[PDB]
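*Asks:* Residue numbers (our numbering), protein chains in the order written: chain A, 2 to 335; chain B, 31 to 467; chain C, 17 to 70; chain D, 2 to 428. Ideal Cβ placement from N, Cα and C applies to all residues, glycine included.
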Ligand SMILES: Nc1nc2c(ncn2[C@@H]2O[C@H](COP(=O)(O)OP(=O)(O)OP(=O)(O)O)[C@@H](O)[C@H]2O)c(=O)[nH]1
Ligand SMILES: Nc1ncnc2c1ncn2[C@@H]1O[C@H](COP(=O)(O)OP(=O)(O)CP(=O)(O)O)[C@@H](O)[C@H]1O
Ligand SMILES: Nc1nc2c(ncn2[C@@H]2O[C@H](COP(=O)(O)OP(=O)(O)O)[C@@H](O)[C@H]2O)c(=O)[nH]1
Ligand SMILES: CC(C)(C)c1[nH]cnc1/C=c1\[nH]c(=O)/c(=C/c2ccccc2)[nH]c1=O
Ligand SMILES: [Ca+2]
Ligand SMILES: [Mg+2]
Ligand SMILES: [Mg+2]
């Protein structure tokens, strides 16, 4: 009889995980502040990693990797990529980005902003989306917090019929042995409104968030295109496949990012153990080249896939540690 | 030469002291009867080992140590121990009834009627010193004597010996080997009172030592004898610089300099390797690179924490055995590229190395195997704050219900001293935070 | 990289290697705290013997 | 660290004599008082309960009290009747007649000073007295009335000494008179104030154990006391035998009593055995741990699942794997951590003694400080109120100079004790 606690109620994902665990009749849920747990579905902020693995006669596990936030914060991700020799300055799959502090690499950003203007090529960026450096810096200093200025992808791949923009979400699970598991089912969070190249003011076709979009539900149910359809579209429209044209790059980026920070967050020889579900967001251009936008440490799944994914998390990340009395994942070997 | 006096308070301190002085005698070739055949300067001298030993006309080398407990049981075993002739009665002080795991009882009640006696016996040793550096204090956070009477003593030593340094060797409480439940209280209380009086304190979590004995020595249920013999090795590595010829950490003041930039943050994390079972056969001798890399494995630390998610302020490497500078620098160069070793911006990212050609001495019939080379890394990392967080959390849980508080108030303590001591710990956790992130 | 302050002897040697440069209460007060707590005990023991006297 | 034993009344002396009969066998002392053992472990801590006599004899540091010479004459004519010091036999003639008032105010007041003279004489011979222990019932008059009177006066003369008690609670199942709830309520009021640790030995539980578990159709007081003496021998093991443990009565009290008034513990023992019936199979460590936590083994008719454990102390005896013990103990906690308060970290401590008791290869004694003990006090309160609401049988007490107010106060204080246990049961 294993025991666990829940310290994040807003977790749509692990609300399903806990539900599944209780339904096995071998997992019991304790109170929030009961330290005698085997598993900890912890909070997002101020997670007490320091109090883990100190309970005698209790193998402890947590659904978060301490230090993974360096990958899941935009300001940190840019720094991580620019400073890590494994990824380096000339990282091919990460858009040109700079960290800007409200009144730092501001002077470095302007140096590149000039080559774009003194080259008569695409000089559009994103924090809002603008082509002028002045309108951007004034916006950052008016908000308050730190922002990152990133090169905007002016030539994205556009779905048809619709001339629609989109972004790819991949759910990745890293177990206690640091095995990198990619969920076979992803999702294209699409824009229902056609992409407008000239007017950047209309952020309803540049930004493909599920909330902003909610033309909702015109082409596919809920502005969400799964892989079997997007793969079929590529075959019919571009004579290629999702596996070859896009997914190899995705699996490369995922494998690269997690290999980089492995020696920092790995709980291999620690007194407590860690796993974590990640949410990688990508952006494909017209020449079928995958770009990494960012990484979510606390991702929400899609309605159709909650039943399958949450079960998978229990199977490989939890039950692997705490056993009970074909696979949906793709293991990115390293 | 400048002398050092060791103070052993409570059961933990006394028994650990026995383990250390047992080991010191083996290292310096001193016999249980106090005779040191290698000492050609009969009657006295000012060698490196005279820091911990004074000499009589008969050629006996006695420790500059004072054992104190509020109960005769433990120290009596020293009076009748194998090294009974080593010390002399005035060094061994015992009370009637102990502090019953009560800080207030050990500090205020029972501590008050014996503090003058101890300071007098300490003063007797201090008069035999030509130039006293300071004191090395051994105790436990959990015990009423080790916590209560220690803090009281440390307060008075700062008065009677203002210019002298004071180092601590504390035993952090572990439920696996303690039958006391009120340890979090005693720990917070003694830390708050001793913080401004201690220059450098080496914490030792029994949890860590317990698992190290289970994992590496293959002992199912480690006893205090098993723990102490392993602890005495670490302590020996730390104090070897004071007892032998060298240039690194030759004085107690240098411990503060090399490890403690900020006063309040004076809790260096100790890591030791290699720990090999004496019952183990076909043991492959580990190299300089293999043991130095083991100084950055959490499973070898004296306190379980993650230095990766903390910042370094200082770091010393204390080797013992067949080691040369060339092999060290080659090991450091490898580790630096393969591990997360972050230093604070206002400190240089470097290592102060100290090598002693004599390999580590092991107690005959002990659990530890003889090795060709061993190392003890002393690193002041903010990651050790995790030990305070665990301790303060347990404190908050009990104190929120005022559980066991009546025992302390019943000895004259005020309930305000609980919150006052907790507030100081809260401030301490913040200090680690600022430096850490 | 940079080895410095290398000191050698027969017992061993020591040095420093830099990889990168940077970027009390009196005896009066004590006795005043110990005795104050003693009075709190004497008062508690008095209220007991008073209570028992009743 | 010496301990002074006292035993008052019929029950107190019958249980007390039984206790000395058991531990005297463990320490290898014969009825004459001469040591005839084989292990030095039997003599390393014999000073705790025995005084060393002239001819190398060992005399129990015990004081026998009663307001009638009946029982104490049965003790002196008993098996280990000769071992006791004759000067320590303090007795009256009138008796208490199962009246608390007679034991605490009138009859007992005449004799109490005579007892204290013996206590003082024993204490002055101690190198370092660590505390007292009393054995008595609460349903009678002497052990209840005079027993609490002694405690009140011992605290007056020894304010800084630990006072423990082995108290037998009354029950209708095993009842002598109807005024037992009265005597018990009056005594509990005294025990809440003037004792560090009280071991509630419910006669109801002892009966149900003999009847349901031990399969005894009609259990006598001898059957009940066999269970008590075995338990008493257990909770005194850690002091009577050495092993690497350095704690006196005070230290144990500090780690068992988080709140002063809430110091009433539930005794427990495993394996439960009946007199004579030798068991042949030694229990495993998992079996000892499961039974000692089972309600069927609790010697206080209370359901531990109806409350929460503040602190727990278990002592295993015999040759066993201390690792296996630690595993099984940590297993019970992590399986039922809801019945342990989370605001007292690691409140379940355990020790092991190599020396097993007589007849058993290995056993375990349970000392639980549970809030479920309130069920016992509530039970006595109902029985008390049922009679007191009609002022029944009250003339036996008012005839001894007592007022109705003193009953109302004792009623209120016990109801306050119940509410206190309920406070921490929801925390
Ligand atoms: N490592 C180690 N820890 C010990 C030893 N002895 C006791 N301890 C620890 O000390 C804590 C309790 O303090 P003690 O030293 O036993 O008590 P004390 O210092 O004598 O003070 P009193 O309570 O008055 O007896 C427990 O948490 C033990 O784990 C020992 O020999 N070695
Ligand atoms: N450099 C870039 N080029 C083009 N589009 C970009 C971009 N950076 C972000 N976007 C667009 O912005 C939208 C959301 O941006 P981003 O993902 O940074 O915000 P967000 O991270 O708060 C949502 P989530 O955390 O769920 O992925 C995406 O739909 C993507 O289309
Ligand atoms: N276990 C046990 N309980 C007893 C014994 N004798 C009396 N009692 C209990 O004690 C109460 C009677 O008290 P008693 O000892 O006769 O009073 P006293 O002798 O005047 O102090 C009743 O509730 C009984 O259940 C005994 O020998 N064994
Ligand atoms: C660690 C261990 C199991 C020794 C422990 N921890 C807290 N309590 C105990 C045991 C006891 N604690 C007690 O308070 C105790 C009381 C006692 C002892 C002797 C005689 C009468 C009562 N007897 C015990 O055996
Ligand atoms: Ca000499
Ligand atoms: Mg002690
Ligand atoms: Mg009777």
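Give me the chain D residues within the contact set of residue 357(B), using Cβ-Cβ distance strictly less than 8 Å, ordered along the chain.
*Replies:* Translated into positions along the second chain, residue 357(B) becomes position 327. Here the premise fails: no neighbours, minimum Cβ distance about 40 Å.
*Asks:* Determine, using beta carbons only, whether residue 47(A) comes closer than 7 Å to chain B.
*Replies:* Walking along the first chain from the start, residue 47(A) turns up at place 46. No, residue 47(A) does not count as interfacial toward chain B.
*Asks:* With a threshold of 7 Å between beta carbons, is residue 256(A) in contact with chain D?
*Replies:* What you label residue 256(A) is simply residue 255 of the first chain in a count that begins at 1. With 7 Å as the cut-off, residue 256(A) does not count as an interface residue toward chain D.
*Asks:* So for residue 368(B), helix, strand or coil by DSSP?
*Replies:* In the second chain, counting from the first residue as 1, residue 368(B) sits at position 338. It is helical.
*Asks:* Please report how far the alpha carbon of residue 162(D) lies from the alpha carbon of residue 188(D), in whole angstroms.
*Replies:* In the fourth chain, counting from the first residue as 1, residue 162(D) sits at position 161. In the fourth chain, counting from the first residue as 1, residue 188(D) sits at position 187. Whole-angstrom Cα-Cα distance: 20 Å.
*Asks:* So what's residue 30(D) in DSSP terms, helix, strand or just coil?
*Replies:* Here residue 30(D) corresponds to residue number 29 of the fourth chain, with the count starting at 1. Looking at residue 30(D) - three-state DSSP - the assignment turns out to be strand.
*Asks:* So residue 4(A) and residue 31(A) are in contact, right, with Cβ under 8 Å, and what is the actual spacing, rounded?
*Replies:* If you number the first chain from 1, residue 4(A) lands on position 3. If you number the first chain from 1, residue 31(A) lands on position 30. With 8 Å as the limit, residue 4(A) and residue 31(A) qualify as a contact, their Cβ atoms being about 5 Å apart.
*Asks:* Give the C-beta separation of residue 403(B) and residue 370(B) to the nearest angstrom, bearing in mind that I take them to be a contact with Cβ-Cβ under 8 Å.
*Replies:* Taking the second chain and counting its residues from 1, the one referred to as residue 403(B) is at position 373. Taking the second chain and counting its residues from 1, the one referred to as residue 370(B) is at position 340. Rounded, the Cβ-Cβ distance is 25 Å, inconsistent with contact.
*Asks:* What do you reckon, are the CB atoms on residue 145(B) and residue 197(B) nearer than 7 Å?
*Replies:* Locating residue 145(B) in the second chain gives position 115, where the first residue counts as 1. Locating residue 197(B) in the second chain gives position 167, where the first residue counts as 1. Against a cut-off of 7 Å, the Cβ pair of residue 197(B) and residue 145(B) comes out as no contact.
*Asks:* Quick one: does residue 370(D) have its CB under 7 Å from some CB of chain B?
*Replies:* Here residue 370(D) refers to the residue found at position 369 of the fourth chain. False, the Cβ-Cβ gap to chain B never drops below 7 Å.
*Asks:* Mind listing the chain B neighbours of residue 55(A)? Cutoff is C-beta to C-beta under 8 Å, in chain order.
*Replies:* For the purposes of this step, residue 55(A) is taken as the residue at position 54 of the first chain. Under the 8 Å cutoff, chain B gives 237, 334, 420.
*Asks:* Are there three or more Cβ pairs, one per stretch, closer than 8 Å when the segment 139-152 of chain A is compared with the segment 272-288 of chain A?
*Replies:* At 8 Å Cβ cutoff, the stretches do not touch.
*Asks:* Sorry if obvious, but does the Cβ on residue 215(D) come closer than 6 Å to a heavy atom of ligand 4?
*Replies:* As a first step, residue 215(D) must be located in the fourth chain, where it is residue number 214. It does not: the Cβ of residue 215(D) is nowhere closer than 6 Å to a heavy atom of ligand 4.
*Asks:* May I have the straight-line CA-CA distance separating residue 250(B) from residue 244(B), to the nearest angstrom?
*Replies:* Start at 1 with the first residue of the second chain, and residue 250(B) comes out as number 220. Start at 1 with the first residue of the second chain, and residue 244(B) comes out as number 214. C-alpha separation (whole angstroms): 6 Å.
*Asks:* Quick test of the definition: if touching needs 3 or more C-beta pairs under 8 Å, does the segment 106-118 of chain D touch the segment 43-51 of chain C?
*Replies:* Contact between the segment 106-118 of chain D and the segment 43-51 of chain C is absent, because fewer than three Cβ pairs lie under 8 Å.
*Asks:* For residue 13(A), I'd like the list of residues in its chain whose CB is within less than 6 Å of its CB, leaving aside the five on either flank, ordered along the chain.
*Replies:* For the purposes of this step, residue 13(A) is taken as the residue at position 12 of the first chain. Answer for residue 13(A): 301, listed in chain order.
*Asks:* Curious, which full-length beta strand (DSSP E) runs of at least 3 residues does the segment 169-204 of chain D contain?
*Replies:* The segment 169-204 of chain D contains these whole beta strand (DSSP E) runs: 198-203.
*Asks:* Which residues in chain D have a C-beta closer than 9 Å to the C-beta of residue 71(C)? List them in chain order.
*Replies:* Because chain C in this structure spans residues 17 to 70, residue 71(C) falls outside the shown range and cannot be described.
*Asks:* Taking the alpha carbon of residue 68(D) as the reference point, which residue from 61(D), 399(D), 148(D), 426(D) has its own alpha carbon closest?
*Replies:* Against the fourth chain, residue 68(D) aligns to sequence position 67. Comparing Cα-Cα distances from residue 68(D) to each of 61(D), 399(D), 148(D), 426(D), the minimum goes to 148(D).
*Asks:* Apart from the five residues just before and just after residue 423(D), which ones in its own chain have a Cβ nearer than 8 Å to its Cβ?
*Replies:* Here residue 423(D) is taken as the residue at index 422 of the fourth chain, counted from 1. 372, 375, listed in sequence order.
*Asks:* Run the Cβ filter for me: residues under 6 Å from any heavy atom of ligand 5, listed in the order they occur in the chain.
*Replies:* Those residues are 69(B), 71(B), 74(B), 75(B), 85(B), given in chain order.
*Asks:* Using a Cβ cut-off of 9 Å, pull out every chain B residue sitting near residue 65(C), in sequence order please.
*Replies:* In the third chain, residue 65(C) corresponds to position 49, counting from 1. Here the premise fails: no neighbours, minimum Cβ distance about 15 Å.
*Asks:* Would you say residue 37(A) faces chain D, with C-beta separation under 7 Å as the test?
*Replies:* Locating residue 37(A) in the first chain gives position 36, counting from the first residue. True, the Cβ-Cβ gap to chain D drops below 7 Å.
*Asks:* Could you compute how far the alpha carbon of residue 279(B) sits from the alpha carbon of residue 271(B)?
*Replies:* For the purposes of this step, residue 279(B) is taken as residue 249 along the second chain, with counting starting at 1. For the purposes of this step, residue 271(B) is taken as residue 241 along the second chain, with counting starting at 1. One C-alpha to the other measures close to 6 Å.
*Asks:* Does any residue of chain D have a CB that is nearer than 7 Å to the CB of residue 50(C)?
*Replies:* Counting from one through the third chain, the residue named residue 50(C) turns up at place 34. Chain D contact via Cβ: absent.
*Asks:* List the endpoints of the continuous beta strand (DSSP E) containing residue 139(B).
*Replies:* As a position in the second chain, residue 139(B) is number 109, starting the count at 1. Counting along the chain, residue 139(B) falls outside any beta strand (DSSP E), and DSSP gives it neither H nor E.
*Asks:* When DSSP builds the beta bridges, which residues end up paired with residue 266(D)?
*Replies:* Within the fourth chain, the letter at position 265 stands for residue 266(D). For residue 266(D), which the question treats as bridged, DSSP gives the partners 200(D).
*Asks:* When you compare the CB of residue 34(A) with every CB in chain D, is at least one pair closer than 7 Å?
*Replies:* Here residue 34(A) refers to the residue found at position 33 when the first chain is read from its first residue. Interface residue, yes.
*Asks:* State yes or no: is the C-beta of residue 339(A) nearer than 6 Å to some heavy atom of ligand 2?
*Replies:* Nothing about residue 339(A) can be read from this structure; chain A reaches only from 2 to 335.
*Asks:* Taking only beta-carbon positions, decide if residue 58(A) is within less than 7 Å of chain D.
*Replies:* Taking the first chain and counting its residues from 1, one reaches residue 58(A) at position 57. Yes, residue 58(A) counts as interfacial toward chain D.
*Asks:* When you get a sec, list the residues whose CB is within less than 6 Å of any heavy atom of ligand 7, chain order please.
*Replies:* The set, ordered by position in the chain, is 11(D), 141(D), 177(D).
*Asks:* To be precise: take each residue of the segment 172-202 of chain A, compare its Cβ to all Cβ atoms of chain D, and keep it if any distance is under 7 Å. Which residues remain?
*Replies:* Against chain D - using a Cβ distance shorter than 7 Å - the segment 172-202 of chain A contributes no residues.
*Asks:* Is there at least one Cβ from chain C nearer than 7 Å to residue 59(B)'s Cβ?
*Replies:* Taking the first residue of the second chain as 1, we reach residue 59(B) at position 29. By this cut-off, residue 59(B) is not an interface position.
*Asks:* What's the C-alpha gap between residue 148(B) and residue 123(B)?
*Replies:* As a first step, residue 148(B) is located in the second chain; it is residue number 118 there, counting from the start. As a first step, residue 123(B) is located in the second chain; it is residue number 93 there, counting from the start. Going by the C-alpha atoms only, they are around 7 Å apart.
*Asks:* Tell me the DSSP secondary structure of residue 124(B) in three-state form.
*Replies:* Looking up residue 124(B) in the second chain gives position 94. Of the three classes helix, strand and coil, the one that applies to residue 124(B) here is strand, per DSSP.
*Asks:* Taking all protein chains shown into account, do 16 or more other C-beta atoms lie within 10 angstroms of the C-beta of residue 410(B), making it buried, or fewer, making it exposed?
*Replies:* Along the second chain, read from residue 1 onward, the residue named residue 410(B) stands at position 380. Residue 410(B) is buried by the Cβ-count criterion.
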